[PDB]
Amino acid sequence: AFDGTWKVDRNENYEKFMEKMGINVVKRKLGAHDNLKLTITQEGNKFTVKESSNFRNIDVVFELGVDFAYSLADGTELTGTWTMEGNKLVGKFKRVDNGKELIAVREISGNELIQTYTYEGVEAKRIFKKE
């Protein structure tokens, strides 16, 4: 369902979310203008995500329900899993530093991939368009 190449289109509440994550002024400004492009490839229960942005070009591989580690562009480490719940991909992660939970949702909406993030009562969204 998620295969393809998606480029960020719009953001809602994103700088606010980053602030709450405690990310510094500069990195927040840069983060908000990262030109994030995701190429997603699903092969059974295995997904490979090519994360391409102004920060880095990283390949992320994970299997549904198997815990993995991921580091954010500013170096903060998370551990968690992605699971399929019906048509959405639900990501439940914990910050390695303070043990607080980060929930991420990926859902498609005809031509658009919406990624919604929640942390400590703050919700933000990133919207991507199919290439």
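Note that residue numbering follows the sequence shown and begins at 1.
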> Do the C-alpha atoms of 104 to 112 or of 7 to 15 have the higher average B factor in the entry?
Replying inline: 104 to 112
> Comparing 23 to 31 with 57 to 65, where is the mean C-alpha B-factor higher?
Replying inline: 23 to 31
>> Just to confirm, going by the entry's C-alpha B-factors, which of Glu51, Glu43, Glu77, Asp74 comes out highest?
In response: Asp74
> In terms of the CA temperature factor given in the entry, to which third of its chain does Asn87 belong: lowest, middle or highest?
Replying inline: highest
>> Please place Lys125 in the lowest, middle or highest third of its chain according to the CA B-factor in the PDB entry.
In response: lowest
